[PDB]
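The form deposited without the ligand is given below as one chain in structure tokens.
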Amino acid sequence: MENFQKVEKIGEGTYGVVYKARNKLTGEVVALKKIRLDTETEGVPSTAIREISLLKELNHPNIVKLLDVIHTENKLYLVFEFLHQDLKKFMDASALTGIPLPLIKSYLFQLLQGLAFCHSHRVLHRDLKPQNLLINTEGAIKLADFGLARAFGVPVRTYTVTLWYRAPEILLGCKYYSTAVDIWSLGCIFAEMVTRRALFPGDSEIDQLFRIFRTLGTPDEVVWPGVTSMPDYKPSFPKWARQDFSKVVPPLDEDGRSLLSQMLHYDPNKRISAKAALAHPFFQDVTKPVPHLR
């Protein structure tokens, strides 16, 4: 840690403080997460061990890089690449002017590429919110904060994810998570980039559900087989009609509304996958397929 100069505190979690630090020699700027081992009765925190090993496995342009792990004295330092700001700060800074649609398109495309890679690794992120998405000044965006990530070689169970980005199957009591919960979060973020306002800013589990219902319409067995049989489903739920996406996300064209609607499909079994979303015509301008063998 001799060659690092702390520049400013940029964060703080249960397991440590995060600092923006500058390599005094090379001039590199990194994000230092300092874990005070003296205060950890269970040693290296399980979330830190899990996140370190995962990031060493997941190398991708749209996944924050873990540059180093340094054990000095009684401190463990996680050295991460530094990105000047998160997506929440960028959206707030752009609230008056709005984010140009080609930049919204590029960011969503990149987010889905990083997510598709995680899903290919059989890893669920489970905490995709604007604060966990980092941008640089070169047009890139990366998934970050893998503390809640879990491998799904076997089902990942729900245990008694920020409310605003929580999928309705979770709110209704599903016993397991799926890759669809990550797609749901990105769908919420896609709408938030377009409207400059969180799509479903609930203040309780039931308020969050009703907010979803008021926009996408109250689910039924036709649009989501099994809803009425879910643990927290109540036949007393009010009957709201789905709203036209032209009113929900006005700046979006037909292709954008189509993708968003598939990312927010109620049925987890039918919600678009990350790889399928990348193939959606909304991204034809930004990508073109490769010849297929067989």
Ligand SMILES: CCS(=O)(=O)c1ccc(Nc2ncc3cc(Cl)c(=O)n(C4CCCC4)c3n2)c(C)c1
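Take the two forms, superpose them, and find the largest set of C-alpha atoms that agree within 1.5 Å; that set is the rigid core. Quick note: we count residues from 1 along the sequence shown, nothing fancier.
Note: missing coordinates for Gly43 occur in a third or more of the other compared entries bracketing this position. Where coordinates are absent for parts of the deposited sequence, a chain break appears; between neighbours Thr160 and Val161 it spans 1 to 3 residues. Averaged over their C-alpha atoms, the temperature factors of 218-226 and 112-120 are higher for 218-226. If you average the C-alpha B-factors over 256-264 and over 236-244, the higher value belongs to 236-244. Of the candidates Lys75, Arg150, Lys142, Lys88, the one whose C-alpha carries the top B factor in the deposited record is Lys75. Split the chain's modelled residues into thirds by C-alpha temperature factor. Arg271 is in the lowest one. Ranked against the other modelled residues of its chain, the C-alpha B-factor of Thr97 as given in the entry falls in the highest third.
The deposited CA B-factor of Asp38 belongs to the highest third of values across its chain. Per-chain ranking of the deposited C-alpha B factor places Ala277 in the lowest third. Among the modelled residues of its chain, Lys129 has a C-alpha B-factor that falls in the lowest third, as given in the PDB entry.
We do not show the form solved in complex with the ligand, though everything after this point is about it.
Put simply, of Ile170, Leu111, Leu134, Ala191 only one has a heavy atom within 4.5 Å of the ligand in the deposited bound form, and it is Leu134. The contact with the ligand in the deposited bound form, taken as any heavy atom within 4.5 Å, belongs to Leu83 out of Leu83, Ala198, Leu163, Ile104.
Interface membership of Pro281, defined by any non-hydrogen atom within 4.5 Å of the ligand in the deposited bound form, is ruled out. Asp285 falls outside the set of residues with a heavy atom inside 4.5 Å of the ligand in the deposited bound form. Contact check for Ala31: a heavy atom falls within 4.5 Å of the ligand in the deposited bound form. The ligand is not drawn, but in the deposited bound form it has a heavy atom within 4.5 Å of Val64. In the deposited bound form, the ligand lies within 4.5 angstroms of a heavy atom of only one residue of 87-108, namely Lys89. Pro201: CA moves less than 2 Å between the shown form and the other one after rigid-core fitting. When two forms of a protein are overlaid on their rigid core, residues whose CA moves 2 Å or more are considered shifted, and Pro281 is not one of them between the shown form and the other one.
In the core-superposed comparison between the shown form and the other one, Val154 has its Cα shifted by at least 2 Å.
Relative to this form, the distance between the C-alpha atoms of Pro155 and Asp127 is increased by at least 3 angstroms in the deposited bound form. Compared with the form shown here, the C-alpha atoms of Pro155 and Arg126 sit at least 3 Å farther apart in the deposited bound form.
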